[PDB]
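One-letter residues, chain by chain:
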Amino acid sequence: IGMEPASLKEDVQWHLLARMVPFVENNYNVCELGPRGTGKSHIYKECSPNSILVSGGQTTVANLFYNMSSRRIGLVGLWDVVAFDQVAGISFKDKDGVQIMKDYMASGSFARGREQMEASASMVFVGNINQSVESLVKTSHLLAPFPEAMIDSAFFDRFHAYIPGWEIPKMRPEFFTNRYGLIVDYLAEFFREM
Amino acid sequence: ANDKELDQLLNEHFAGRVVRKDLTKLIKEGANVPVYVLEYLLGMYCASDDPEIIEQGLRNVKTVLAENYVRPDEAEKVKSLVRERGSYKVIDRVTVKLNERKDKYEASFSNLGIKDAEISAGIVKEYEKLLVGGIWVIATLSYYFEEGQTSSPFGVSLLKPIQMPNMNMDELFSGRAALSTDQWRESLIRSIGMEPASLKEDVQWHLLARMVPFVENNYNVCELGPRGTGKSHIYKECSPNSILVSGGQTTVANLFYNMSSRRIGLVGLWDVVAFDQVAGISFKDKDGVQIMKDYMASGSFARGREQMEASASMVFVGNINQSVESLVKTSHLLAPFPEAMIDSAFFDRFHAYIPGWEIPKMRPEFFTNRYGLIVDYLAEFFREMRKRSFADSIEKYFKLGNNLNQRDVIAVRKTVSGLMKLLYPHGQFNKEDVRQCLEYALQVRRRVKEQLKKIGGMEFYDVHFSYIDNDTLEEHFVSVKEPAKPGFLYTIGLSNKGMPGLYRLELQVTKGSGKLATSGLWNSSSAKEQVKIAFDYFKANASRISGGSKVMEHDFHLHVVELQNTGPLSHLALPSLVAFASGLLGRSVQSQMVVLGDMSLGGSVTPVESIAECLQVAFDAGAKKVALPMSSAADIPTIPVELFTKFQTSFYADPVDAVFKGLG
């Protein structure tokens, strides 16, 4: 991925491995919240062609899942990993978007219109930390940076992991390895075939 | 031991057609090939239950599904392997159509993208399910191309179904007849994954009520219960032919008819449609409530330029947060429904209320791990069973009571037909089983009728659901487990049979023209005439009793509710007159009074016949007060004084004095 194993502690290496876990698991929903500059999204935009990053926070339900007009499957049918960056920006025009998301990430398939479609895409929520971890624990829940529209126990309970984005240090050149590494899409196709 | 005998019975009469359930969740994960495919594959390979047999079958199933599955995006790649190698095994959903222009059988693969594969007549005639909705199969696709040919070079050489190929009526009915009713019921309960031995028999009947919608065409039912009672699992994972409208935001364009696309809504594609989280139901279009009313009324709804018929059965699954008794005393149990649909006629549509509170929360001792029916098997069982009808089986043994009008008759008939189809598909059944299914149907219908009563007032008061035996002519009354207002009182009297009974009289007074109407008098002409005499006395004595209230300017209806099932009551003049006085003056009758005796048109009161049993009933009723004529004073010594000691007795001189004693 370009990180230096010798320059990182073993726990941070485990966290980075947890970052790539979704690439091998079908319908893996994972949420990571971490400080800026910690290289959260680099793995999701540079290190894999089977992963897509959705920025801007505003995206339509049909675009992700299935279009009534064009009768074609959405992003979940096209990429192995779908990653929502800047989770604070997540907003849906339809109110059922949250419900259809919940059904999808619960069952791996969604019934929209008259038809139920399967999808093995794994969903990731990458967000920025604004306040210290101790203060966040004392005053609120760690999932606070999600907008109020999706702050729900049922919505969060489908999540399988909350990655400690604070534990990984902010990206610095000594963290960027310069040794021999596996080919990027070699590793990506490895992930796909596993 | 009995469950083991059930296993051998299933293996004898459902060979390769049933399977256990723990392996299903073991292989569940999230990979592919939906659950019924998995469990049919388990049933075909894993025959016995030797630990080695079980484990090897599991490993074989997993390795086969992991080796011969094809994902869509790589499908073209597979084609090349077919071309260069000449033959290749693939797992795919195949659907077969007859090309009459070429007069050949043309199979299409949903994932591979082949739309014109050639398939032999023998294979398609072997598995008729290829011609219905397409099935996941393992196929050895072969490639053979000729220059200038018109037929597609891709042909199917070998095809093995990973799903069920067929269901036979005769072996099905024979296997059902091979088991007892309790055994069959527990078999179906285990089929969903529930352990019947961990659930009470009444919970088993409620579970069967849950499967009732799948088997009866155009069946409306509502079930409200606490969180985690397992309401939605049946309607989501236990049927490929049912749908659960999530989010509450359903549009009549999406639900009934999208006139933009000229396409019928959901009600045309699924056998069961269920609304979870009923409180969240909100219709953007105003027609939603009325279109649902009409569809439940007929099963056919008019939209745009066409009348469309649909047989989808409608289920309303809801969550209750408060205790049962709180909603019972403070509200109606149909409270969770949104205010927009809280209407008498809308809930009049419903054929049954399932008591979700009586359902205990799921806990793996409730989850069976024994042999069960295949979910695909049971679902297509329901689908086939929908074509039949046992609704006329009720007339052979019982007749319905007069308190159920046409719609209540329709609802109970549909429910009894559904239970008959579930428990006795073979068509042979006894009079006791008809009794049981009929009484359950009457319970749920009466529950709905009580809710309609509480919501709408007068027009749903006839809630005394009962059924009469054809042979013994005995009537059985069935009920539900779960400062009197003016015009409300109690009376004790001998029935037509001469036995003492207590009855509640309820008078509703509105503005009108002085008319009087009666209900709940068991069509007794003498009782109606007693009521008419009482009202004539009330009109004649309006000045004496009311002191100015006009009887002529108001309309009155009085209803009789029987509490002890003693029979029809004849003498009603005095209680009716007391009801008139209480309702018109708006003064509550004093608590725990029973109005007794009868009065003639001239105002003469009659002694209470068998005053001893009447006052004993008053004691047993929880009363503390008695209103009695002076003619029953000579009957005072005939009762022990200790029985009198629990009442504060108030005698009266005339019916007007009876009014004064009652109102205080």
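Residues numbered from 1 in each chain as written, not as in the entry; some residues may be left out. Chains lettered and ligands numbered in written order. Part of a larger assembly, values for the part shown. Heavy atoms only, no water.

For this coordinate set, the PDB header names cryo-EM as the determination method and states a resolution of 3.63 Å.

Considerations on the interface of chain A and chain B
Each side of the interface is counted separately: chain A has nine residues, and chain B has 14 residues. Approximately 1000 Å² of surface area, both sides summed, lies buried where chain A meets chain B, with 40% of it carried by carbon and sulfur atoms. Looking only at chain A, the three residues that lose the most surface to chain B are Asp96, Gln99 and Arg114 of chain A, adding up to 53% of its buried area. Inspection of the region where chain A meets chain B yields two salt bridges. The closest approach of N and O atoms between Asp73 of chain B and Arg192 of chain A, which form a salt bridge, is 3.9 Å. In terms of residue class, the side of chain A that touches chain B is built from one nonpolar, three polar and five charged. (Contact = heavy atoms within 4.5 Å. Buried area = accessible area lost by both parts, 1.4 Å probe. Salt bridge = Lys/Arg side-chain N within 4 Å of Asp/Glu carboxyl O. Nonpolar A, V, L, I, M, F, W, Y, C, P; charged D, E, K, R; others polar.)

Topic: the pattern of salt bridges
Taken as a whole, this structure holds 33 salt bridges over all chains when the rule is applied. Notably, a salt bridge pairs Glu39 of chain B with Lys21 of chain B, separated by 3.7 Å at the nearest N-O pair. Linking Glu39 of chain B in helix α3 (residues 35-45) with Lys21 of chain B in the loop between β1 (18-20) and α2 (22-28), this pair joins segments that are 18 residues apart in sequence. Residue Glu39 of chain B shares its accessibility class with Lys21 of chain B, and that shared class is buried. Through salt bridges with shared partners, one network takes in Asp80, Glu189 and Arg192 of chain A together with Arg71 and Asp73 of chain B. (Helix = DSSP H or I, 4+ residues; strand = E, 2+ residues; numbered from the N terminus. Buried < 20%, exposed > 50% of the residue type's maximum accessible area, 1.4 Å probe, protein only.)

What about the sheet that holds strand β4 (residues 117-119) of chain B?
All names here are of chain B. Spatially, β2-β3-β4-β6-β5 is the arrangement adopted by the five strands of the closed barrel, whose pairing is mixed. The mean inter-strand angle of the sheet, taken between neighbouring strand axes irrespective of direction, is 55°. For β4 and strand β6 (residues 154-161), the ladder comprises two bridges, and the chain directions are parallel. Within the sheet, the bridge partner assigned to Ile119 lies in β6 and is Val156. Taken strand by strand, helix α5 (residues 75-85) contacts β2 (87-99), β5 (135-143) and β6, and its axis lies near 100° from that of β2. (Pairing = 2+ DSSP bridges. Axes fitted to C-alpha atoms, helices over the stretch in contact; angles between N-to-C directions.)

Description of α3 of chain B
Of all eleven residues making up α3 of chain B, eight are buried, and the element is well covered by its neighbours. Three or more residues of α3 of chain B are buried, namely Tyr36, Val37, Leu38, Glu39, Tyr40, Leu41, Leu42 and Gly43 of chain B.

Section: helix α20 (residues 573-585) of chain B
All names here are of chain B. Under the 1.5 Å per step criterion, the end-to-end length of α20 is 18 Å for 13 residues, consistent within 8% with the ideal 18 Å. With respect to burial, α20 is a largely interior element, twelve of its 13 residues being buried. Buried within α20 are the following residues: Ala573, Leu574, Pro575, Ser576, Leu577, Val578, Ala579, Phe580, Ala581, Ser582, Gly583 and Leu584. After α20 finishes, the residue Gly586 shows a positive phi value of roughly 70°. (Expected span 1.5 Å × (residues − 1).)

Section: the nonpolar core
All names here are of chain B. If you look at the biggest cluster of nonpolar residues, it comprises 81 residues, and the most contacted ones within it are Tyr235, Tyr377, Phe381 and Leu442. Broken down by element, the residue count for this core peaks at eight residues, all from helix α9 (residues 201-215). If near-sequence neighbours (up to four positions away) are discounted, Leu442 is found in contact with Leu404, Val412, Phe465, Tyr467 and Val478. Listed in part, the 40 residues of the second largest apolar core include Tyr295, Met296, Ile320 and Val324. (Core = buried A, V, L, I, M, F, W, Y, C linked by side-chain atoms within 4.5 Å.)

Let's talk about the environment of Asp157 of chain A
Among the structural elements, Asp157 of chain A can be located in helix α6 (residues 153-157). On a C-alpha basis, the gap between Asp157 of chain A and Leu78 of chain A in space is 25 Å, while along the polypeptide they are 79 residues apart.

Re the packing of helix α18 (residues 525-540) of chain B against α20 of chain B
Residue and element names in this part refer to chain B. Remark: α18 packs on α20, axes separated minimally by 8 Å, with the N-to-C direction vectors making an angle of 45°. Classified by the angle their axes make, α18 and α20 are oblique. In the crossing of α18 with α20, the sense of the turn from one axis to the other is right-handed. Counting all contacts with α18, which are made through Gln530, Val531, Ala534, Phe535, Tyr537 and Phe538, the residues of α20 involved are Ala573, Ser576, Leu577, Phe580, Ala581 and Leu584. The residue inventory of the contact of α18 with α20, partitioned by class, reads ten nonpolar, two polar and no charged. (Parallel < 35°, antiparallel > 145°, perpendicular 65-115°, else oblique. Left-handed = near helix turned anticlockwise from the far one by under 90°.)

Looking at the side chain of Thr566 of chain B
Residue and element names in this part refer to chain B. With respect to the element layout, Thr566 can be found in the loop between β23 (554-562) and α20. A relative accessible area of 2% means that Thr566 is categorised as buried. Leaving out residues up to four positions away in the same chain, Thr566 has contacts with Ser495, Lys497, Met499, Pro500, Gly501 and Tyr503.

Details of the sheet that holds strand β17 (residues 398-400) of chain B
All names here are of chain B. Pairing is antiparallel across the open sheet formed by three strands, whose spatial order is β17-β18-β19. Because the sheet does not close on itself, it has two edges, and the strands there are β17 and β19 (475-477). Direction aside, neighbouring strands of the sheet carry axes that sit 30° apart on average. Bridging between strand β18 (residues 466-469) and β19 involves three bridges; their strand directions are antiparallel. The partner of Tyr467 across the bridge, within β19, is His476.

What about a nonpolar patch on the surface?
The grouping of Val21, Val24, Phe190 and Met194 of chain A at the surface amounts to a nonpolar patch, some 340 Å² of accessible area in total. When its relative accessible area of 56% is taken as the criterion, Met194 of chain A is described as exposed. (Patch = residues over 30% accessible without salt bridge, like charges linked within 9 Å, V, L, I, M, F, W, Y side chains within 5 Å. Areas by Shrake-Rupley, 256 points an atom, 1.4 Å probe, with all protein chains shown as cover.)

As for unusual backbone geometry
All names here are of chain B. Despite not being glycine, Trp522 has its phi angle at roughly 60°, a positive value. Mapped onto the fold, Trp522 is located in the loop between β22 (516-519) and α18. By relative accessible area, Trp522 is classed as partly exposed at 31%. Positioned with a positive phi, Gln592 is a non-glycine residue whose angle comes to about 65°. Mapped onto the elements of the fold, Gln592 is located in the loop between α20 and β24 (593-595). The exposure class assigned to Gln592 is partly exposed, which follows from its relative accessible area of 40%.

So, the side chain of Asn29 of chain A
All names here are of chain A. When you line up the elements, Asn29 lands in the loop between α1 (10-20) and β1 (30-34). Residue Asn29 is classed as buried on the basis of its relative accessible area of 0%. Of the polar contacts made by the side chain of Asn29, one reaches the backbone oxygen of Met105; its length is 2.9 Å. In contact with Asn29, other than residues within four places in its own chain, are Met105, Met123, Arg158, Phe159, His160 and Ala161. (Polar contact = N/O pair within 3.5 Å; in protein donor to acceptor, adjacent residues only side chain to side chain.)

So, the packing of aromatic side chains
All names here are of chain B. Here the structure, examined in full by the defined rule, presents 45 aromatic pairs over all chains. For the ring pair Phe14 and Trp184, a centre distance of 6.5 Å and an interplane angle of 35° mean the geometry is tilted. Pair noted here: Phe14 is in the loop between α1 (2-13) and β1 and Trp184 is in helix α8 (residues 181-191), with a separation of 170 residues, a long-range link. With respect to class, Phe14 is no different from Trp184; both count as buried. Their ring planes at 35° and their centres at 5.7 Å tell us that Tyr353 and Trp357 sit as a pair that is tilted. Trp357 matches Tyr353 in its accessibility class, with the two residues each being buried. In textbook terms, an aromatic cluster arises when at least three aromatic residues are bridged by ring pairs, as seen for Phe14, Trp184, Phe214, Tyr235, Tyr377, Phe381 and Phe382. Across from the ring centre of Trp136, 5.8 Å away, lies the NZ or CZ of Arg93, which sits over that ring. (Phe/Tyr/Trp six-rings, centres within 6.5 Å; stacked < 30°, edge-to-face > 60°. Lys NZ or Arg CZ within 6 Å of the ring centre and 35° of its normal.)

Regarding the environment of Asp7 of chain B
All names here are of chain B. Note that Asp7 resides in helix α1. Take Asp7: its relative accessible area is 10%, and that puts it in the buried class. For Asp7, the residues in contact, after removing those within four places along its chain, are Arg370 and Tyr371.

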